[PDB]
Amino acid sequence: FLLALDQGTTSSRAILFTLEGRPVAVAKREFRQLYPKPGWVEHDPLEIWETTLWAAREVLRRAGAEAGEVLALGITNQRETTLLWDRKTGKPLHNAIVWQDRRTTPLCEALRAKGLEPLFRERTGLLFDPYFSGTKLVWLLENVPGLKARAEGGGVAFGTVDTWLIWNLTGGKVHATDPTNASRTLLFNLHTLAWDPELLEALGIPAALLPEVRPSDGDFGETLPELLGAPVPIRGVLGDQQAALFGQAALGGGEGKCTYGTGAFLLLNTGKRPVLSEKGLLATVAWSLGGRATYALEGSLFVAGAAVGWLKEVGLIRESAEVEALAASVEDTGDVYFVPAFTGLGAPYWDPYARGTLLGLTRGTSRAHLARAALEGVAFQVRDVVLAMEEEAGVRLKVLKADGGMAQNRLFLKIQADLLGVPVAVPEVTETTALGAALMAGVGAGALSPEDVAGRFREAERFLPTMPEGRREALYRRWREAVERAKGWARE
């Protein structure tokens, strides 16, 4: 028995698979999203833990398994979302600032002015943006009432939704995080596999609330007995996206996959060395086996399903499902393009001033059309990244693996394939982020080795591109022109 805790942005998921990867039971529960000011996204650190546990138990229940059975535990969470809490009380000193926050922009701009941008893109493989937790911390570490002094001695502890779980699972016992969940932090160096002293100072943030660089398969303590009902070993902790890449069995260099949830994240296994992109892609760690690391190229797409989501929050569709009924009723969009950049643009543009844009509306533009446009937008963005990775060092992408909330929409995937002109495959085990977690755990616990994950992976289906080359490219030229008109809307 393997147990994975998948802490997502919109809800808490718990899955108890076996040792070969098959799932036994599932329990999911949403939790209020805090919207302080526009562009601000906050999460109640309590609302989170009361659902990561509520589901850990719910699975065992719906399964009929007792905790004593569980071999190891696997942790997969949101990625950059940052928290700040007191070690003693174990209490949140301020709500959670989600990776979706668009507040630290000015700083990124300042730090960019100081000429530091180059030092960070070649060290952390990232860049200056309100996405990563780096600036997300400085804000809290200089804005909450009088918090910057408290955390000068160590009384305060920082942590990504992963280290936060480790905490709540060991009542203050173990305080740490895996390389990946940290690679997506502006402080972590990806060459030396440990935080860089310079960076920490470069932002003034004290190395006094930082977790420990434990590999994703190592030992992360043992859960509290009264929580689940027995001591469970946790040998797996990994950023959802990096997890989802491991669950898709993308262990080969050149193997990539894309997950479609609130947003969309495309990662490509780059092997031993990190591909320091300059076109707008991020270099990051996929996972760390007892020490060594395998890197990847990533394309972050802030908005994906939220595209349809927004369509719902305005009544263009009644419930979220008709999305593929309307879009399906029309062959095209009538030359309409919807650029879903609500909170700015991700990859490979990285434009904080871009906003949601609709284009080419005519007296005859309809709901079916808008529905299809929302779906295309997401796919077009993925192509932007796929094309970016194609020349940012490497070969042609032969296949693209998919999983996540949107993958359930068959139509969407066919559209993805057509606009990419490349086959798109889905696995037999849909809860991939979870499986990625569980497996990593069983791997750290000596149960299964990585080679046990590849020959155990199974493809359920795949959608083939039926759209001719001429058509695909005309559409792409339209979309790219569409994106040029969404850029820089915010006054700057």
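All residue numbers refer to positions in the sequence shown, first residue = 1.
Stretch comparison (147-155 versus 287-295) by mean CA B-factor in the PDB entry places 147-155 on top. Taking only CA atoms, the mean B-factor in the PDB entry is higher for 74-82 than for the other of 371-379 and 74-82.
Based on the entry's C-alpha B-factors, the most elevated value among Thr160, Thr105, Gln248, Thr365 belongs to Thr160. Highest C-alpha temperature factor among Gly254, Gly90, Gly261, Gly239, as the PDB entry reports it: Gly90. In the deposited entry, the Cα temperature factor of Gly346 sits in the bottom third of values across the chain's modelled residues. Among all modelled residues in its chain, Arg462 ranks in the lowest third by Cα B-factor. Among all modelled residues in its chain, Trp99 ranks in the middle third by Cα B-factor. In this PDB entry, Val59 carries a Cα temperature factor that places it within the highest third of its chain's modelled residues. Per-chain ranking of the deposited C-alpha B factor places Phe220 in the highest third.
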